[PDB]
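Undergrad: Let me start by giving you these chains from the complex, positioned as in the assembled structure:
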Amino acid sequence: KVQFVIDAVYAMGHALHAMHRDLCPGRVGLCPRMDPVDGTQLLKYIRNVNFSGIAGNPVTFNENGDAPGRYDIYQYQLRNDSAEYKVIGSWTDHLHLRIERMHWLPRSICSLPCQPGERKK
Amino acid sequence: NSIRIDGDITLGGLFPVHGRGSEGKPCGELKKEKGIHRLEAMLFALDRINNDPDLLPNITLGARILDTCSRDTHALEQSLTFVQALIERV
């Protein structure tokens, strides 16, 4: 989450810089008209921030206020040498699971398929 | 607006005058059976307390009713306006 904190404060700084450039184009440094700060005026630039983050990922901007990023699936298992969270695959608009890298396959089923073709389910 | 009764002691009030609004309007139709009845109840209670010589003699109770619209955002906005007006006293 620290990368997210850094990206958030960098987006706020970029929004402040864009607001200073737009409201005060020919004024270097602090601008006198920027002292009465407004939440809507700052949000209008926060919702339009677009820059290269620290991890190379562009902070997307939208009218909703969310960033559609990937959700990496990690797993913590014991390897008898060094136990840590291992990543599986990316989430470029769909699933990218990798076989033979999970569960050192245990399956949770509500009712076992007992009938092999003779009994009823 | 809001109901404001001048008195020595002010009592705030949150009453759902309007109903839950849709995505277009913040406040819906006026709750005639829920909000207005409780409003009249509190007003009658305050009047009977002020007219009661045994309970709180020579002390008048005010009123600080505010519009709720059964919505948490509007009620919190009204509470913010109340705090800003205080910083009268309730």
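TA: Cool, got the structure. Residues are numbered from 1 along each chain as shown, chains lettered A, B, ... in the order given.
Undergrad: Tell me which residue is most central in chain B.
TA: residue B:65 (1.6 Å; CA atoms, centre = their mean).
Undergrad: name the element residue 82 belongs to?
TA: I went with chain A, as the question did not name one. Under DSSP states H and E, no helix or strand contains residue A:82.
Undergrad: My question was about chain B, not that one.
TA: Under the criterion of DSSP H and E, residue B:82 resides in helix B:72-86.
Undergrad: ok, back up a step: please verify my assumption that the residue nearest to the centre of chain B contacts residue B:2.
TA: Yes: taking contacts as CB atoms under 8 Å, residue B:65 lies within contact range of residue B:2: 6.0 Å. (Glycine included, C-beta is placed from N, CA and C.)
Undergrad: Tell me who's in contact with residue 83.
TA: All of this is about chain A. Taking CB atoms under 8 Å, 6 or more residues apart in numbering or on different chains, we find residue A:83 in contact with A:76-77.
Undergrad: neighbours of residue 75, just the number please.
TA: Using chain A here. 13 (other CB atoms under 10 Å in any protein chain shown).
Undergrad: My question was about chain B, not that one.
TA: Other residues near residue B:75 come to 16 when the count uses other CB under 10 Å.
Undergrad: okay, chain C goes in next:
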Amino acid sequence: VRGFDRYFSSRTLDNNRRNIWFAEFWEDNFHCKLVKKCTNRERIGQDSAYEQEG
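TA: Let me put chain C in with the others:
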């Protein structure tokens, strides 16, 4: 509780000021703007919509 019943039946609502929402209540209760317009002599006790709330 007969006290609130008497206070709501005897006292009329259109006369008492300082209650801004009571105007809209009277407007949407009689189903007419202030079309099927009505007069100020009408009361709520005669209306079947008045029910004592717990």
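Undergrad: Could you give me the buried positions within the helix or strand harbouring residue A:42?
TA: According to DSSP H and E, residue A:42 maps onto helix A:39-46. Neighbour counts over helix A:39-46 (16 or more other CB atoms under 10 Å in any protein chain shown) mark A:45-46 as buried.
Undergrad: what's next to it, contact-wise?
TA: Counting by CB under 8 Å, 6+ apart, A:11-12, A:14-16, A:18-19, A:22 sit against helix A:39-46.
Undergrad: Save those as CSV, and put in secondary structure and neighbour count too.
TA: As requested, those are arranged in CSV below (DSSP: H, G, I helix; E, B strand; the rest coil; neighbours: other CB atoms under 10 Å in any protein chain shown):
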residue, secondary structure, neighbour count
A:11, helix, 20
A:12, helix, 14
A:14, helix, 17
A:15, helix, 20
A:16, helix, 15
A:18, helix, 17
A:19, helix, 19
A:22, helix, 11
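Undergrad: Not counting its neighbours along the chain, what's nearest the most centrally placed residue in chain C?
TA: By CA atoms, centre = their mean, chain C has its centre lying nearest to residue C:44, at 4.5 Å. Spatially, and ignoring its direct neighbours in sequence, residue C:44 is nearest to residue C:50 (4.8 Å; CB to CB, 6 or more residues apart in numbering or on different chains).
Undergrad: go ahead and place chain D:
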Amino acid sequence: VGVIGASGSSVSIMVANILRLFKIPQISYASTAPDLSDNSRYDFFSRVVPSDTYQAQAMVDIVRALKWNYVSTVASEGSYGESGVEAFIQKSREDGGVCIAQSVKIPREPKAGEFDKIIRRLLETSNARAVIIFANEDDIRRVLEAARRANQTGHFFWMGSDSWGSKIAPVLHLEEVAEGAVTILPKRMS
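TA: Chain D, in position alongside the others:
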């Protein structure tokens, strides 16, 4: 001129509504609750992390790829846990067909021993080998500690939420009982 959001979803909701009252923007980093993504109630809550709807979609995609259909929802109070378990239930009933054994919640201040019953209600049903958790670090560690007791080790795996995607706090009970626990975490980098 602008406040940075909080971690807990309830605290984040509180500060978000209070700061949008006074017209001040807010950017969060660890509050992915879906009820905070609407522009009508939290218009000043532009966060930099995706919501829990994508998390529930990821959970249902994982339980589809792992061929899992019987799971048990558990979470603590606050907007985070309830919103996450509701989003997971909705995404599972929408098209995945996965149903839920039981939905038991963890109280705020459990007294006189009301925590062993939570894990007993999950151990009494052996078919629920999959458990999706949505609590914070404290309640998750307490659930893992309660599951480690009663002579139980590796009975059922845990589907970890965003609360402990890559946290080092719950790795002790993981090496103890919760071996091979699967969690989720948004795309980041060192």
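Undergrad: Repeat for the buried residues of helix A:39-46, accounting for chain D.
TA: For helix A:39-46, by 16+ other CB under 10 Å, it's A:39, A:41-43, A:45-46.
Undergrad: and the residues you listed near chain D, which?
TA: Contacts with chain D within the buried residues of helix A:39-46, as defined by CB under 8 Å from any CB of the partner chain: A:39, A:42-43, A:46.
Undergrad: Relative to residue D:108, which of those is nearest.
TA: residue A:39 (32.6 Å; CB to CB).
Undergrad: Could you measure from residue D:78 over to chain A?
TA: Separation of residue D:78 from chain A (CB to the nearest CB, to the nearest Å) stands at 17 Å.
Undergrad: residues in contact with stretch C:21-40?
TA: Residues contacting stretch C:21-40 (CB under 8 Å, 6+ apart): B:3, B:17, B:29-30, B:32, B:35-36, B:39, B:67, C:12-14, C:16, C:42, C:44, C:47, C:49.
Undergrad: so how far is it from its chain's centroid?
TA: Put simply, stretch C:21-40 sits 9 Å off its chain's centre (CA atoms, centre = their mean, to the nearest Å).
Undergrad: Would you mark the buried spots in that stretch?
TA: By neighbour count on 16+ other CB under 10 Å, the buried set for stretch C:21-40 is C:21-22, C:24-26, C:29-30.
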